[PDB]
Amino acid sequence: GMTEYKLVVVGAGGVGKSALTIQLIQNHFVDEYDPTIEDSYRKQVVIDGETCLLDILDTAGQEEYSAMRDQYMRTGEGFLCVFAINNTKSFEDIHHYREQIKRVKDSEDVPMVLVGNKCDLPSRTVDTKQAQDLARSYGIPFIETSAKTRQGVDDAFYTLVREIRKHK
Amino acid sequence: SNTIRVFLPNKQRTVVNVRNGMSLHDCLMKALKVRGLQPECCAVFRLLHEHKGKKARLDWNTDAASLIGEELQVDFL
Ligand SMILES: Nc1nc2c(ncn2[C@@H]2O[C@H](COP(=O)(O)OP(=O)(O)NP(=O)(O)O)[C@@H](O)[C@H]2O)c(=O)[nH]1
Ligand SMILES: [Cl-]
Ligand SMILES: [Cl-]
Ligand SMILES: [Cl-]
Ligand SMILES: [Mg+2]
């Protein structure tokens, strides 16, 4: 890719950051839960007619490894802020992750997309209105995803790239 | 807990968990496959703690449990 974009995936443990990333990179769903300490990926993709080199920085949800997360966040240009639609604390903690981004980037003006993952599950407990209101409160897009079915995966990452372009 | 840090081709990085009975090949297979990397095309080295000696070329059958706490480099052959 000519244009390189540094994308950071953040959010609470277990919400599906790595499964989303692996669906983007390799079109495969991981059903195991292997907690991340640090993982980075490169993927070339055409987005809006531009050949893009995406650096995907997939971070730990476990706060024990937040020092490593912060090193990845400092290099990133845009952030996928992921919660799971069956974990209300992960949704509430989007505020924590946004505050971390503001702290590490020393800026309140950072490209961000809200992602509500695991939408294939039954008995969803974080409803669409809650999620859209939270995204609205920060002026950011909200994308529903399922890493299992691949629904929304490209839209989530491509929307973040578009947000970075807007910001540039 | 029991992990290995691995520097990968194309500026990528992973930290892998080690489970009982894993060779180095087994331990890195997922991380390589997701990134389109075939282990047969790669060299793996154990990075040292001092600069006097040479980084140690590893066999794919090295037991991953013997490498816990180390940093490795995977490079294209
Ligand atoms: N049904 C379903 N399961 C999912 C989905 N995304 C992830 N999972 C499952 O949820 C578990 C955790 O996924 P994972 O991607 O490891 O989450 P993570 O946010 O990267 N965890 P960590 O912060 O520890 O690195 C795995 O068992 C995975 O299969 C999804 O969209 N639907
Ligand atoms: Cl291409
Ligand atoms: Cl750490
Ligand atoms: Cl808005
Ligand atoms: Mg993960």
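Rule-based calculations on the coordinates, nothing more; no lab input. FYI the Cβ positions are ideal-geometry reconstructions off the backbone, even for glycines, and counts take in every protein chain you see.
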(request) Could you please find all residues in segment A:33-61 being in contact with a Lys or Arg (Cβ under 9 Å, 6 or more places away or on another chain), more than 11 Å from chain B (Cβ to nearest Cβ) and of a type outside the set (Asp, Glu)? (result) A:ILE47, A:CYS52, A:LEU54, A:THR59, A:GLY61
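Can you tell me which residue is farthest from ligand 3 (Cβ to nearest atom) among those in segment A:42-71 that are among the acidic types (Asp, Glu) and part of a strand (DSSP E or B)? Write out each step before concluding.
Looking only at segment A:42-71, we keep the residues that are among the acidic types (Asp, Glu), and these are A:48, A:50, A:55, A:58, A:63-64, A:70.
From the residues that got through so far, the ones that are part of a strand (DSSP E or B) too are A:50, A:55, A:58.
On the way: A:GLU50: 34, A:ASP55: 20, A:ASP58: 14 Å.
Among those residues, the one meeting the criterion is A:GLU50.
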(message) Looking at segment B:64-73, can you tell me whether even one residue there is under 27 Å from A:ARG42 (Cβ atoms) and without any contact (Cβ under 8 Å) to a residue 40 or more places away in the chain?
(response) no
(message) For a quick check of your reading: which strands (runs of 3 or more DSSP E) sit entirely within chain B and have at least 1 residues that are within 14 Å of chain A (Cβ to nearest Cβ)?
(response) B:3-7, B:13-17, B:71-76
(request) Please name all residue pairs, on different chains or six or more residues apart, with Cβ atoms under 8 Å, provided the first residue is in segment A:4-32 and is away from chain B (no Cβ under 11 Å) and near ligand 5 (Cβ under 10 Å from one of its atoms) and the second residue is of a type in the set (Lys, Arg) and not in a loop (DSSP other than H, G, I, E, B). (result) A:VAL9/A:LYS17; A:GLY11/A:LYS17
(message) Between a residue in segment B:16-42 that is in contact (Cβ under 8 Å) with a residue 60 or more places away in the chain and any residue that is basic (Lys, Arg), which pairs come within a Cβ distance under 6 Å, given they are 6 or more apart or on different chains?
(response) none
(message) For segment A:129-156, which positions are hydroxyl-bearing (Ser, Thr, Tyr) and in a loop (DSSP other than H, G, I, E, B)?
(response) A:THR145, A:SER146, A:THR149
(message) Quick test for you: out of A:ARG98, A:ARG74, A:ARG103, pick the one residue that is part of a helix (DSSP H, G or I) and either in contact (Cβ under 8 Å) with a residue 40 or more places away in the chain or under 19 Å from A:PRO35 (Cβ atoms) (or both).
(response) A:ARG98
(message) Condition first: under 16 Å from A:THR21 (Cβ atoms) and in a helix (DSSP H, G or I). Now tell me which residues in segment A:77-95 satisfy that.
(response) none
(message) Only one of A:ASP93, A:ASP70 is under 19 Å from A:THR145 (Cβ atoms), away from ligand 2 (no atom under 16 Å from the Cβ) and either more than 14 Å from every other protein chain (Cβ to nearest Cβ) or among the basic types (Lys, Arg) (or both). Can you tell me which?
(response) A:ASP93
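Could you tell me whether A:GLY1 is part of a loop (DSSP other than H, G, I, E, B) and within 16 Å of the chain's Cα centre (by Cα)? Walk me through it before giving the result.
Values: part of a loop (DSSP other than H, G, I, E, B): yes; within 16 Å of the chain's Cα centre (by Cα): no.
Considered against the rule, which asks whether it is part of a loop (DSSP other than H, G, I, E, B) and within 16 Å of the chain's Cα centre (by Cα), A:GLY1 comes out as no.
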(request) Would you point out which residue out of A:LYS148, A:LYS129 is touching a residue at least 60 places away in the same chain (Cβ under 8 Å), over 14 Å from the mean Cα position of the chain (by Cα) and more than 16 Å from ligand 3 (Cβ to nearest atom)? (result) A:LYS148
